[PDB]
There are 2 protein chains.
Amino acid sequence: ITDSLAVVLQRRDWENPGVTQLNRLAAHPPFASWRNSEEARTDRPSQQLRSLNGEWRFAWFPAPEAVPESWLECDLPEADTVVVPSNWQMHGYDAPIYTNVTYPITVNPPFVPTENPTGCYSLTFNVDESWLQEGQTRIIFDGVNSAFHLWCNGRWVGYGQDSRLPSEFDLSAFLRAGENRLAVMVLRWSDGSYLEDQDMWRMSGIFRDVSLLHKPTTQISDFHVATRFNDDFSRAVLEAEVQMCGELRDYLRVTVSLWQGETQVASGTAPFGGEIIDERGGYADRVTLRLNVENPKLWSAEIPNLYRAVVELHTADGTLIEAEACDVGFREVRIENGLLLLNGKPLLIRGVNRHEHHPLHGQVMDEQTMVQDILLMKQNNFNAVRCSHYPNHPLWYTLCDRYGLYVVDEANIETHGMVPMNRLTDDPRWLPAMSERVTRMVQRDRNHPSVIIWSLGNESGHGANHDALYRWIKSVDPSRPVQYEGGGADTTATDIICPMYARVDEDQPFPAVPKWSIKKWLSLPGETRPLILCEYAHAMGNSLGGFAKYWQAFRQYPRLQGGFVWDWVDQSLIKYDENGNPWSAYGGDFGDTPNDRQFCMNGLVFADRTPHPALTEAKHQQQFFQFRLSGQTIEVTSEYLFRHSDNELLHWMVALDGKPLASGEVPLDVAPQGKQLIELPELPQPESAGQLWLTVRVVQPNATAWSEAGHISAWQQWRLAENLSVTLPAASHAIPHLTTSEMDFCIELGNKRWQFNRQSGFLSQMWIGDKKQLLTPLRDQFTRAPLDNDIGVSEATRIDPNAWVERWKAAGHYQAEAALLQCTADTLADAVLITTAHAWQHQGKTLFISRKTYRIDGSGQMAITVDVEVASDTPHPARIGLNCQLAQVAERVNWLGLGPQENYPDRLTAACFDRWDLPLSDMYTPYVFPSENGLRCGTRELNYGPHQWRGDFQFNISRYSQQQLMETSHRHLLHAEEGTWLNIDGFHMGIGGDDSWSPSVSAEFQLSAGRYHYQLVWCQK
Amino acid sequence: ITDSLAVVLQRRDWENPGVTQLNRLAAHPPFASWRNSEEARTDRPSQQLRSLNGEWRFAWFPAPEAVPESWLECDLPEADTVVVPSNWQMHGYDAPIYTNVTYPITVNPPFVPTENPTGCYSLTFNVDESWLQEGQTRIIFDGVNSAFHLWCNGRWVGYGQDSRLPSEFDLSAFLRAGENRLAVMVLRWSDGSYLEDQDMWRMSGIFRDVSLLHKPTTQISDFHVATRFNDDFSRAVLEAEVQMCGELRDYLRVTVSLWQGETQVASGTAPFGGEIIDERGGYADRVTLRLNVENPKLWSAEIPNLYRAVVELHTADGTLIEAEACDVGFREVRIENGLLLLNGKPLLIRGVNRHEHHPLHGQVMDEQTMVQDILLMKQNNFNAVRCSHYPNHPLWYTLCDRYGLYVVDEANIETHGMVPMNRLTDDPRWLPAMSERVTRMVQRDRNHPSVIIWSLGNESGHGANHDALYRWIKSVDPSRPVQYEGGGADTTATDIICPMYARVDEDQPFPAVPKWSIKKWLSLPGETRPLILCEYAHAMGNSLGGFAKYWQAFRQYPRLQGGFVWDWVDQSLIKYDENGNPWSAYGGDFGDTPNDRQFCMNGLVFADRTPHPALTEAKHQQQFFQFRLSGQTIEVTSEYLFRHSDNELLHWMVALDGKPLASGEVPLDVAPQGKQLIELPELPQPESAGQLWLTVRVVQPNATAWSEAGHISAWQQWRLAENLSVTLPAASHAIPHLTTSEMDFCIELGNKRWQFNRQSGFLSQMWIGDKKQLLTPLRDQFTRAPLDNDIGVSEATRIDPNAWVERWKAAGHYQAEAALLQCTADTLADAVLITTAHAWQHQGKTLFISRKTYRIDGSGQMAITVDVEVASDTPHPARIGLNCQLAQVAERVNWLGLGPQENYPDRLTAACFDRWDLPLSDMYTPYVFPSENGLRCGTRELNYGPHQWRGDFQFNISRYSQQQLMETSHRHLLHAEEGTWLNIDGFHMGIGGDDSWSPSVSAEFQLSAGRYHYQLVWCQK
Ligand SMILES: [Mg+2]
Ligand SMILES: [Mg+2]
Ligand SMILES: [Mg+2]
Ligand SMILES: [Mg+2]
């Protein structure tokens, strides 16, 4: 009866920050309750640990109040059978919401709305009665969002808050032998929701594992590990502290053993009872052991050496009560003199922020995905990751410990939508709630070597609660620094200056929380801390422009120790069309209101873990080897702090315009932080005209755990020389023949014909034989289908006038009208010459002027010369080029220029100058939200079909017109147009990306010169 | 129904540290809701504030479960009518318990025992319906111990923990017009009890005020005040921050005005809306005003200048919504360079720890008592007080603000009985509970100028929770330092080294938490903080020995800035005997188990606020004026930091053995921290033999608020000279006449006769005329009825062998047997001479030997000479003297020596050498727990009755024998013996008191010389 819903829900615990749990056991590191030492030592599965994952019954309601009393006793008739874990929105019950800052519910702390989607889960299972006779049986929920009540066999058990950490309960007294029934009522909204405003999809349910653990009555209740070293790390001390629960007897003992695989490295045994701590004594129920280790093998992301530690609770006779274990990594993290050091050396963090996301499963995680991520990261030169913005699934840590990644563990607290941001964080009333969120995290994760920094949360302003908590951690775990960006990134609550989106050289001086140029930030008066950006380089859409500026600064300034890119994967969800066709969905695609559209897609990889082209730029800038070329000598520098280049081969190669003249291989032998000089054999000195280029690549001959054999980990290229062409084209035996009509000028030469419309002044058509080559005339183009960065946050309802797009639109760039000023034709002795001049205007203003010359010679080549003038007072244009729709459609694209991937002016360091050949399809970048894409820069020759173009330009080629890209909101809706659309740019604006809600394209990448000149040659084969 | 006990008590909130309150409103400074500015400004009573104090119905039960459902609806038949506030133990319901460290309940956090004394209070009252139409009506409980549930009109309202701070609830929605009924169920024990283990009587109930407050819907919800100054305090800025609750509208305004009595000093008006604090904005519902004040009058305990500040919430038109106010003191507290400064000057704290205690009302406080305490303190030279160990009744602060006392406000947290002491404080699970205890205190008290330091609690070891909380305060209120003694007195959680019971020069090196000599403590490597003892000089019983050593150190070392004596009043309770006679009761007197007996009595004053003699010693050592004598010049030094000696007169006086030769008066004119030289007129130079002494006294001519006219605030005395007596007694015309019997020697001379028993060797009787003068023979005495300090914690069951008493007992001091070694009589020409020698032995060992001579001359004077030898290996004896029971009983006692109050060797600086005359009754000190008392030292002549004694000794005189004192446990049980008992000591051991649970008598005060000599003359008139 007091077990009744009517009674239980009366209290409304979910609308009270004073109640964050009821009957929840204490937090602790991960337990298995092994009953055999070897099993524990080898990480076998323990039988006192059982999964409850699988099929469960589920039913949904609009409000907790609508749940019917019966539910407690009997399964419902209308209940479905569902898989657990999972997020109910993923099964159709309600919609997932994609809002960023703005809370999904109404802001009225600590109330939640009355319609509050309740999900009743239930499960019927069997308990072995052995478990029922002796010991303790508890249930563990790894994650339930956002709050929940629990009943067992009709009996009310407890309540829990904080969707990111485990909730544990003693079931010992509710269990019956045989058949038992759990009834879990999960709520969408709770007072906990106010602390969970992260920018992600808002979902719900039992999204992480469900388990049962059987423990002895007298058990190991907690244990901590710590490593101390001498000056040179030649000697260490492992110190373990163990605590017990139960019946304390003098025959109890604890033993701790450390293993290196198979070898036992150290052991220690002792009886309970600590050292005196105060006037009242010590802890009778704890004991601390100290093991000495000589010449320990250190853990690092470069070489994740691990040890195994076993903790056995036993009697003096030798009889084992239970065993627990963990992997141990010997490393020291410290900040000294402004620098963050690891094992004595200063790190350089190549990081990324990563959310727990699956296009299919929502927020549910699994081994396979986790590993995939890890591999990709490691293969792309990343060495660290940040748990944006809550503790992650337990297994993650282990994987990082094993694979070698530095991790920042972050408390599940984000109050982004409050106003001001610290409205709750500065309130004592919310202190207790915040507290649990930090303490519990620490208690659970602190034995993992890969966690090297603790974070208090995200975007919750700065309040006293933060200071109090920062201090708590500092007292309980002094081995790791603490960081927190809120309230200015440099408050008293952080050991590291960790801004988000601060620029390299420009200051953004917002009131109260300005963001200084990172180089300047360090030098502010009295500042002495290291600086590591918690978030930088917003990878939304076609982005990562300017990435290299950061790397260069990081490399030049000691106290600039790196950052975490934002972010790893796009948060897109899969949906289906009527033909059972899947497509990538974003904010608002589920009828979700309010929503933030594409804002959920900022990753370096697509939801499916397929790479955006930006990933290469990252990989290259983050490479661990650096090169300098001096004469015939290449100087290699290693940025590894601990390892020697012992799985590295250097391949080099010389080519003349794509043609290879010489190749070689040399094995690397560089010590961490050292240099290696590589003497090049005498290089070939061709006579032929062209550009000679040297390219080097570093290859990993042997496979590793995160890479295959032959993995390329770094590269670099240099232009060695250039032989200018002083040649003259030979005589033609004829010259083109001109023909004036009223409508056009027509030039003919053999099968070839070209026609210029006299009213438009454009080359309107051209034939080869009797085959027309164009579907659209060739014309100047000054705009681009806007990128996400060009748009920022400008919405149609709420326009942002500073956004590039808003400015282009308003200046009429998109709707300017060409006006023919002049179109003449003349016959020279060697060719035919056409001259045009056009002006683009808009409402009286002349935005641009384009003057050209076309010269067709007896060889059938058409040379085009373009000179453009841009009104100094018009917003700089996105591009300066030409376009046309070719009639033809071919398979491949071949070019001599930078590649092979998409590259833009402020994102092209990773690209290489060579000869590339790809399928047409590869020249298109399927950004979920479409825009200008696919460009390749520094191109000297382009071939497609029978056509060939030469000059010095940038281009893109595909089946979609700029107009289509710009008018279609999702990639799945684009339709291939009639032929091939080609955009040849003399110049193109950068893409930016320092952030996606303000203009972020640096000045050096804006087309601000006023006058531009370019030229090309078009011909057929 | 959910309002039902069965349901409400089901949760068992009182056995869960996770639930510390339910539906409790937020904390804030004190509100009245004035509706008129002048009323607020003059502190008139506000009508929106109503007391519920008075008669209430009460009923008691053994357990919450035994409360009957009806209670909710209907008053009980068996209910009594009781006064509220009060402690139910004081009304007979159950017993108050006096335990110190050891918890009154079984240690099993967070469970409380099943028998848990429930007190059901109820009250029926009327609500004006005006209050019912508009606004908000809340109820406020200033203090309820230890936990409680509340119902209004049958409806369940909320729950609360923390017996020391106010609990508030919104009654708005439960009130009916007219007749309403409250039903409050109070519990003795709760999980809160684990944090309330202070050494005091354990009581319960509604011990502080009950009120109702009517507030507007749109109100002032909080406000803070702050004062900043320039370098020289010539200019200040008052800064007030105000927050509102309700409906925010643009016509709202806030005005803050500052008044100096009648004069308006400054004002400011503004509309809501703060400055930007972070990326999301500012607080729309707050506003901060800044008033400039030139040449502010500073607040100090020396001159409590106050200002009045008024806060008015109003509309733009001028219509007042509500007003709040407070007294403001302009002062700056800071620690700089190792020193604690106030207004720029380094303090010297003359403090005392004070509990809230009434012999009659228990823990209930009232204005009258509070003021009495304040007066006494101020009159005894105290300037500060510590709220040992919880926030006090609200009015206290105000009184201190007004009278001028520095206060340390202390959170209600003490976990003394845990093991180790920090078992809970170091646990995150208890963090939330601890947190509320600190935050709420700060929120309530922070506007009071007299609070100058915050304290995190007492005897709770040291845990991370403390660090976190220390930091929270530092962030929220940087204007006051934070201190906390636990875990060693010098942890990271304190800004001041604040030990308890550390000695002046000796170290007490306990493991983990040693207590160094305070002079040494400051110099420890790397230490730089100031040192102020949170507790020192344990005033238990006949104590305060050694007080002067502290004052001298404090005065010599800059960083030793004082301390707080332990403690103000004895915690004794009144009881009655069958004749309706009241007596002072202590631990165990109520059948209370377990108990700590007299340990609850450690004050400088008796429960009735009558002074123990130690108070004078304190008063003198703490005096604010110091004197030096050079030649005929007296040099006066002032220890006032802010005031000039403007109500001070110096009276001086010269006397020769008690006879006055010259007197004078001079007015003081000393600036704070200055000197004044006083030239003495030529002093008299008597020829007569004796000691010439100069005495000075400082008098306050005019009354003050805490003193009457003619109050003596300081004194000092010096021996100027001495003229030795070279005189010879004149001839007698006869000499005594001897007579030997077998049994005795009998000497006769006139009416006078003396008899010496030949078997005992003692003067057995003496006559004057036919009147016998003694009831007991004159004999050596080497012991004393033990003081509290002599006993310490030795209990009869659990003996403490280091306690002095244990050592004396064991050496047989108390049961040694005198043995006559020799008894001879001889006739000289001028007198009769008797010689004796005795040995005191015990089990074969000779402890002492006493050799005397008695010489009776023709003048009828008997001169006695005593030479004692003490075995070097026996514990030093308490005293070396003689005693006897005189037959006579007189009215007065007259002596020439130190006085007038009781003084001991290590407690006699406050005493003065003069001629005193008191009533016999005054020579007895009625310590509730009886012991040796009443001594007066440095006595040269003593007169009682017809007798007169001369020499140089110490004595005591009363109707109780040492044996009676030592055998009677309470003062009320002593019975006057037959005549007068006199103890004449040649020497006496010090009393100690650095602590009362270890030997604390310094070596210089132990009778360790081995050989002692003394002499006297006895005669009659
Ligand atoms: Mg809650
Ligand atoms: Mg956010
Ligand atoms: Mg509780
Ligand atoms: Mg205590």
# chains A, B, ... in the order shown; residues from 1 in each chain; ligands from 1
>>> interface_residues(of="chain B", to="chain A", cutoff="7 Å", atoms="only C-alpha atoms", output="VMD selection string")
chain B and resid 2 7 18 to 19 276 to 283 419 to 421 428 432 439 461 464 to 465 467 to 469 471 to 472 475 to 476 487 512 to 513
>>> closest_residue(among="A:237, A:699, A:244, A:291", to="residue 220 (chain A)", atoms="only C-alpha atoms")
A:244
>>> residues_around(residues="residue 399 (chain B)", least_positions_apart="4", cutoff="10 Å", atoms="only C-alpha atoms", output="list in words")
residues 367, 370, 371, 374, 394, 395, 403, 404, 405 and 450 of chain B
>>> residues_near_ligand(ligand="ligand 4", cutoff="8 Å", atoms="only C-alpha atoms and all ligand atoms", output="number ranges by chain")
B: 100-101, 197-199, 414-417, 458-459
>>> select_by_dssp(residues="region 529-749 of chain A", states="helix (DSSP H, G or I)", output="NGL selection string")
:A and (547-556 or 597-600 or 614-621)
